[PDB]
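Only one structure is covered here, and it is reproduced in the block below.
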Amino acid sequence: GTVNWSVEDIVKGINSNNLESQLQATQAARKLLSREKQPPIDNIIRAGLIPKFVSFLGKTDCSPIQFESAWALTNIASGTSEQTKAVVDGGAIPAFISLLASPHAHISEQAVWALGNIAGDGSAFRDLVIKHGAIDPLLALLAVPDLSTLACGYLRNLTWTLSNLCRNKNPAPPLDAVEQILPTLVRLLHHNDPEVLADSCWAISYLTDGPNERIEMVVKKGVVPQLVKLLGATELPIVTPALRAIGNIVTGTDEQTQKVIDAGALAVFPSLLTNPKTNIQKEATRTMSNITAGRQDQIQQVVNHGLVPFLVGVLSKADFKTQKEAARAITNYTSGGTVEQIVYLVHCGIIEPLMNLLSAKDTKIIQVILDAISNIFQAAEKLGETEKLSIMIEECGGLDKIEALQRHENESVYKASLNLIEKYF
């Protein structure tokens, strides 16, 4: 019926003076733009059809052509940036915002998904969508006493579109818009659908990926305990953004980092630091390295939760990028820790796997490991136990590796290497 039309036939119908013929052809356009293999988006754009689709968005008297053109436009705007720009340049943004008020749920849903695709393309279109007024009508679609009375697909699409309005930097979204959306996000973060929860966590992770004032807007709304709960979810699409958000929050102040600790986050890290998905392990170890760069009482809480062995574990055997983050976590720990805390670190077995990593290609990890070694010796000096430590390092191949590093391309590597050797060997 409307199956496998040519662009030429689509054009001939859309240019007829016949609203039913126009509807037929708009639907044929939607079906073309919907096919899995290589939809002819650019042919459709080249034919000049975007303006005609956009004009059909306003035919309130013919809601099916509103729907078909909204869905055709949506498949264009989900493409490449130039394709999305063709939709924006056709005037689609305010036409879609108007359709958020449609009494046809399936039409306003299409308008939600179209605006998510436009806003997601980047910061400028994100802010343009906001400037045309999309936030109020979007949030009004969620102003119901129980989100569970909304259709599942519809709620998922609203959540996803809201997260794209939270997305991207340079610049980050307008402060007034974030404050407007955050209360709804907080509510979505307590909805029991795994996808709503994933996308809510993604939104929070974007908002926390910034300076400490942005983090504070989020932490003030009280979401950290819920984020930590979601950190323990079974569904990886939830854990991944929950962990990204928590990882972001601990790049902030000590007081913001403390909320994460107070909320119980550290009790999940035994699993996170052994997780079979390499990105979860990397991200969890980076989060640990930010925490070990905090106050001594915060280092102590890493200690008390039994996490130092897990860091020894990750340093010993992990993806190389994860071993690198774990090396940072140890250097931070030894820079900021008490002597007693550094003793404990050595007793858990950090020295051997530290040494074994000195034979790595990365110049930066070598710098990091050498710093930590120096910090450990500085703790040994305060106990006059440098000798017992030099033996340890001599006993697990450590000393061979350091002698060799005096002859190293980088300056800082040469210097620190030969310094340690003269000072303690």
Side-chain angles (χ1 to χ4, degrees), residues 14 23 26-35 39-42 44-45 48-51 53-60 62-81 83-142 150-168 173 177 181 184 195-196 199 202-203:
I14 279 175
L23 168 62
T26 299
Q27 165 171 115
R30 179 262 294 185
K31 289 189 186 188
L32 266 198
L33 299 158
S34 276
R35 88 178 170 210
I41 298 171
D42 296 317
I44 296 294
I45 296 165
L49 294 162
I50 285 170
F53 296 159
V54 169
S55 70
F56 296 158
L57 294 177
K59 297 219 140 216
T60 314
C62 182
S63 81
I65 202 171
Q66 294 189 303
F67 175 63
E68 299 284 354
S69 72
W71 186 355
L73 283 173
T74 279
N75 295 343
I76 297 170
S78 87
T80 79
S81 273
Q83 290 167 347
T84 304
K85 177 178 189 296
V87 173
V88 173
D89 294 343
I93 282 175
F96 277 129
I97 289 182
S98 292
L99 280 186
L100 294 171
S102 167
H104 304 282
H106 65 109
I107 286 179
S108 80
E109 184 184 30
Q110 275 302 314
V112 165
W113 167 249
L115 292 171
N117 276 329
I118 295 155
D121 189 68
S123 294
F125 283 165
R126 177 200 68 210
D127 294 340
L128 195 54
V129 167
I130 296 175
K131 275 190 175 296
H132 286 82
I135 291 183
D136 291 345
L138 288 166
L139 299 182
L141 293 168
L142 295 160
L150 298 170
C152 189
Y154 193 84
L155 184 48
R156 283 173 189 182
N157 273 318
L158 285 154
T159 304
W160 181 80
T161 288
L162 281 176
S163 79
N164 275 343
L165 287 170
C166 294
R167 184 173 196 163
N168 288 128
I181 291 172
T184 298
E195 283 171 62
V196 172
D199 279 332
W202 279 113

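One-based numbering along the sequence shown. As a basis for the values below, the full set of heavy atoms in this structure was taken, side chains included, without hydrogen atoms, waters or symmetry mates.
Atom CG of residue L49 and atom CD1 of residue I76 lie 7.5 Å apart, to the nearest 0.5 angstrom. Separating the CG atom in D121 from the OG1 atom in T80 is a distance of 8.0 Å, to the nearest 0.5 Å. Atoms NE2 and OG, on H106 and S63 in that order, are 5.5 Å from each other to the nearest 0.5 Å. Rounding to the nearest 0.5 angstrom, the gap separating the CG atom in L115 from the CZ atom in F96 is 7.0 Å. We find the OG1-CZ distance between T74 and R30 to be 11.5 Å, quoted to the nearest 0.5 Å. Here the CZ-OG distance, from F67 to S108, works out to 11.0 Å after rounding to the nearest 0.5 Å.
At a threshold of 4.5 Å between non-hydrogen side-chain atoms, the residues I41 and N75 do not count as touching. Between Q83 and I45, the closest side-chain pair of non-hydrogen atoms falls below 4.5 Å. The shortest side-chain heavy-atom distance between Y154 and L141 falls under the 4.5 Å cut-off. Using a 4.5 Å heavy-atom threshold, the side chains of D199 and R156 count as separate. In this structure, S34 and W71 have side chains that are in contact, with non-hydrogen atoms separated by less than 4.5 Å. Using a 4.5 Å cut-off on side-chain heavy atoms (C-beta onward), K85 and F125 make contact. You'll find the side chain of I14 reaches within 4.5 Å of the side chain of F53, heavy atoms only.
Between the side chains of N117 and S78, no donor-acceptor pair of N or O atoms lies under 3.5 Å.
In this structure, the side chain to side chain contact (heavy atoms under 4.5 Å, CB included) partners of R167, at least two apart in sequence or on a different chain, are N164, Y206. Residues that satisfy the salt bridge (charged side-chain N to carboxylate O under 4.0 Å, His left out) test with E109, not counting sequence neighbours, are absent from this structure. Applying the side chain to side chain contact (heavy atoms under 4.5 Å, CB included) criterion to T184, with sequence neighbours excluded, gives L139, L142, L162, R187, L188. Every residue was checked against the ring pair (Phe, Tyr, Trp, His ring centres under 6.0 Å) condition with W202, not counting sequence neighbours, and none meets it.
Considering all non-hydrogen atoms of both residues, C166 and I181 come closest at SG-CG2, 4.2 Å. Of all heavy-atom pairs spanning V54 and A95, the tightest one is CG1-CB, 4.3 Å. When every heavy atom of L165 is checked against every heavy atom of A119, the shortest pair comes out as CD2-CB, 3.7 Å. For the residue pair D127 and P173, the shortest heavy atom distance occurs at OD1-CA, 4.3 Å. Taking each heavy atom of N168 and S123 in turn, the nearest pair found is CB-OG, 3.5 Å. Here the closest heavy-atom approach between residue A77 and residue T84 is recorded as O-OG1, 2.7 Å.
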Which pairs would a plain distance check flag for residues 129-137, meaning a side-chain donor or acceptor within less than 3.5 Å of a matching protein atom at least two apart in sequence or in another chain?
from: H132; atom 1: ND1; to: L128; atom 2: O; distance (Å): 3.0
from: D136; atom 1: OD1; to: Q180; atom 2: NE2; distance (Å): 2.4

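Pairs passing the side-chain hydrogen bond (donor to acceptor under 3.5 Å, both in side chains) check and including a residue from residues 95-105, sequence neighbours excluded, do not occur.
Side-chain atoms of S163 come within 3.5 Å of backbone atoms of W160 as a donor-acceptor pair (strictly under, hydrogens ignored). Put simply, the side chain of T159 never gets that close to the backbone of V196: no donor and acceptor are under 3.5 Å apart. Under a 3.5 Å cut-off, the side chain of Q66 and the backbone N or O of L57 do form a donor-acceptor pair.
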